[PDB]
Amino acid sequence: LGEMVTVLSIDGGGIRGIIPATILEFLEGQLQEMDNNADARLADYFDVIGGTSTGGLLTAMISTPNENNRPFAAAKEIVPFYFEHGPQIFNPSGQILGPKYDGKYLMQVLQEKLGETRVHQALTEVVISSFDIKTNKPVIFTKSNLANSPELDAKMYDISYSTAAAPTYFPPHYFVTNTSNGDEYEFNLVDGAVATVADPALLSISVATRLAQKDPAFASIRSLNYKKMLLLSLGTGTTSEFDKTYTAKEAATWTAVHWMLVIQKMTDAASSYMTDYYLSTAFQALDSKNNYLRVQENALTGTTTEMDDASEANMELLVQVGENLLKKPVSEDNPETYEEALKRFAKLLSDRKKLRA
């Protein structure tokens, strides 16, 4: 168990980020109780912490060092963050030409809570996604892969704004770093969901697998041995309820405007289903299905669907969805609930740390 690699992955979902945050508040509290340490943080138990958009914001806030070289935010401080800053991040600009939001508040609160910290300072391996619209390539921010190409040692707020810079919602982000030669290196980044990874769990598994080639602490998964891998992937919920879906017939006359307000939700939903299929296939092939815990909501209803509904009523509903998810079964045939599976996971995390110490 001591040689096992631990990976945490958080999906994007806008305001639906309350759901994995509620899930992480429960898990961090389990670890704090078991280890008799109220200062116990997720970055102390996870080797890799991956996140896209709001999952990336979360990743950055629990990986960035504070004044004590401790993770900046506790898991229980994330739903209050979403409740406090969510209505101001998701406050419409009112402008006719451009995105729904100016991104001014989102950047300001990120700057405020992340400071001048760089990715090389992360307390664990981070995997925060984006897509560069100038190089037309995904740009994945890691603590590793910095030895080669130091121009990726970007500010945590530039990484965090970029991962969440959703086309039509917020404007793309432009920022500069410096290469080894001292010359400028340009970034023109949009949301990580564009880079096809709304669900960054497979990307996070690949980063760990690639690190296993150059790091002895990751050596146990060196030849795809996911038997020696613990993966916690967290979703922001999907929906199949006919009230919130569409027919091919009604969509026959849909213009470019209607599609744009709906494709991100579709690709993000598809990203969840495909990445889960890839990972289940791989873990079930090695007879290690329980090494991969995917905490996801499949029946979002009402306002709970929308990514930018930062009203008090929708935020309270998202908490309720998160708290009901804990009592919901892991599978259709498995009676084991998520709260129970998360206790088993916390125990494994707790036991691996002790042995490594």
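In this text, residue numbers run from 1 along the sequence as written.
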Averaging CA B factors per stretch from the PDB record, which one is higher: 8 to 16 or 329 to 337? 329 to 337
Comparing mean C-alpha B factor in the record for 96 to 104 and 178 to 186, the higher one is 178 to 186
Candidate set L261, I89, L234, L279 [ranked by C-alpha B-factor, highest]: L261
Looking at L146, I159, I140, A252, which one carries the largest C-alpha B-factor according to the PDB entry? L146
Chain thirds by Cα B factor, record data; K76 belongs to the lowest
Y169 - Cα temperature factor, lowest/middle/highest third of chain: lowest
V207 - which third its CA temperature factor falls in, relative to the rest of the chain: middle
Within this chain, which third does the Cα B-factor at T275 fall in: lowest, middle or highest? lowest
Among the modelled residues of its chain, does the C-alpha B-factor of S311 lie in the lowest, middle or highest third? lowest
